[PDB]
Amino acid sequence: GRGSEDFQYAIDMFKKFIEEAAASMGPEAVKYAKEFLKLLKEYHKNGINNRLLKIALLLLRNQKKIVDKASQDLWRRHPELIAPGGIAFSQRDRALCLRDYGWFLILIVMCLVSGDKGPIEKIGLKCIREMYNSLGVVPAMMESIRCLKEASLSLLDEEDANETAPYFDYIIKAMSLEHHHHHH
């Protein structure tokens, strides 16, 4: 692991995310993410919003801490996820939970630096549909992003949390509609 307070750190975090998730999000989404990365660098040439980059870095350096804290909260509130017959019982499946947890955070950070829910509309909404095609309707999943939200916002002040909270709310609402309107 490695943390940094530079713009190159956030760029590298997005690059590694594009590489790791390319096969999962599909080709239309990696094109969106590649264009996003090119545009953020172009506008960085004209000066970046320091408050947004500060919140973005703070969540990025503590990504694994947030992932571990949220996953621990989720297993406690819903032990059926890791129990036999659960979706995260298998060590590979549980590792995939933590992977998507860190991926969900990257999407949150992509919205922070841009101040727009665009990356969650394009990449997030499509991946939630594909994630439910492979998993199915598991009611404990609704508490997933809540644990991620509570674990991320606990590292921010009230002003920074108010800036980040809408993107978590947007994902939870989207998961809610995908959850209860999937087989319809």
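We number the residues from 1 along the sequence you see.
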Of 10-18 vs 167-175, the stretch with the larger average CA B-factor in the entry is 10-18
Looking only at C-alpha temperature factors in the entry, 114-122 or 42-50, the higher average sits in 42-50
Note to self: of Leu58, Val67, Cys147, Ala33, the C-alpha temperature factor tops out at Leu58
Among the modelled residues of its chain, the C-alpha B-factor of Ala23 falls in the third labelled lowest
Of the three thirds of the chain ranked by Cα temperature factor, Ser134 occupies the highest
Chain-relative C-alpha B factor for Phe104 (record values, thirds): the lowest
Among the modelled residues of its chain, the C-alpha B-factor of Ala151 falls in the third labelled middle
Of the three thirds of the chain ranked by Cα temperature factor, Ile128 occupies the lowest
